[PDB]
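Next up: just one chain, as structure tokens, the form deposited in one PDB entry.
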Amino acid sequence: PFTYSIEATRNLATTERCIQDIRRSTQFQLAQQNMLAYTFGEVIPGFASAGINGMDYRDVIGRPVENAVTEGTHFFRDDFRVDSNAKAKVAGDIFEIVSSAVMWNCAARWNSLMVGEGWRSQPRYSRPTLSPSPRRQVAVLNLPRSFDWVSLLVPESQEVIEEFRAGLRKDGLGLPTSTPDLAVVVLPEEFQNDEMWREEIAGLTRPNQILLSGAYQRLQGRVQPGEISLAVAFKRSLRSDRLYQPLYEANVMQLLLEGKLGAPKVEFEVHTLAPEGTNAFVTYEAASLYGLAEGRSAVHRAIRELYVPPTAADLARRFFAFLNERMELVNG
């Protein structure tokens, strides 16, 4: 009608409406795997030029989205547009994938020394002092979406845990396990002469991406409860509500690995580039609840540290020093 009317409008057939609709809604996809291959095809931060190794880690992790934005602008001009939720999702995966690659190369360089091939000198990092041994080799495992960390355990340990859950599921309870982003594990005895674990990679090409992202498959059902040496959760920035998955999961890991399988203190740390204030530091001082609730065990922190890598080299240095220390707990 001349004066607008909701009733009249609601009564029109679809094809009689004044506006005809002729249209996920995403327009330009951030191809994150392509982005890694492009920006980090030939660079693993902390193992490249002193410039990249020493650079503000936030700038490094941010480079691929920046390069992708520049690419998009070139090809699509003033039509180019991506949602902040895209950038957010990709930036996070990139933070995780890249740091896990730094750690992979530290692991390779450390394995190469454990096995008696000496200590690679480029770039220069202080030579670990621990006495070398094939049995002190480690694997860095970037764990996939949907993983259950329990699947790393030798089958006998899964049974122990499974039985324990049975008792619970019978009464409507359970104790699901999810997953940290990453786990470093002592390399299984059977793999200790395999060459692959000692080779540093040149960059995140697609083949190398697959290598790092699928390495967990090779160790599934092979790790002793005590041989899970470090768990890491990466969160590129924090918010107060986003802190708890790693805190909770570390608690569950300590309960099962320390409590039910008698393993040493489980080391679980969080990495972020933007703690956005200081409360997360207080939050992650929380004592491990299992250790508290029962009396037999010395109580320690669920999360050992909230770490803010300044540079890629500092991340590399910190892992090395951790290995140099944590691996002493393993007979050579």
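Numbers for residues come from their place in the sequence shown, where the first is 1. Shifts are known only where both forms have a C-alpha. Rigid core: the largest C-alpha set superposing within 1.5 Å between the two forms.
For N53, the record comparison shows coordinates present in all the other entries of this protein that model its neighbours, with no third of them leaving it out. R63, present in the displayed chain, carries coordinates in each of the other PDB entries compared that cover both sides of it, far from a third leaving it out.
Unmodelled stretch separating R23 from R24: 4 to 9 residues (count of deposited-sequence residues without coordinates).
The mean C-alpha temperature factor is higher for 165 to 173 when 165 to 173 and 136 to 144 are set side by side. The mean Cα B-factor in the deposited entry runs higher for 127 to 135 than for the other of 227 to 235 and 127 to 135. Across the residues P180, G262, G214, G92, the deposited record lists the maximum Cα B factor for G262. Of the candidates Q245, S99, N193, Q220, the deposited coordinates give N193 the top C-alpha B factor.
In the PDB entry, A250 places in the lowest third of its chain by CA B-factor.
Among the modelled residues of the chain, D79 sits in the highest third by CA temperature factor in this PDB entry.
In this PDB entry, the Cα temperature factor of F281 sits in the bottom third of its chain's modelled residues, the lowest group. Among the modelled residues of its chain, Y57 has a C-alpha B-factor that falls in the middle third, as given in the PDB entry.
Ranked against the other modelled residues of its chain, the C-alpha B-factor of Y290 as given in the entry falls in the highest third.
Beyond the structure shown, there is the form deposited in another entry, which is absent from this document and is the topic of what follows.
Once both forms are overlaid on the rigid core, the distance between the two CA positions of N324 between this form and the one not shown is under 2 angstroms. Remark: 1 to 23 is the one run between this form and the one not shown in which three or more consecutive shared residues have Cα displacements of 2 Å or more on core superposition.
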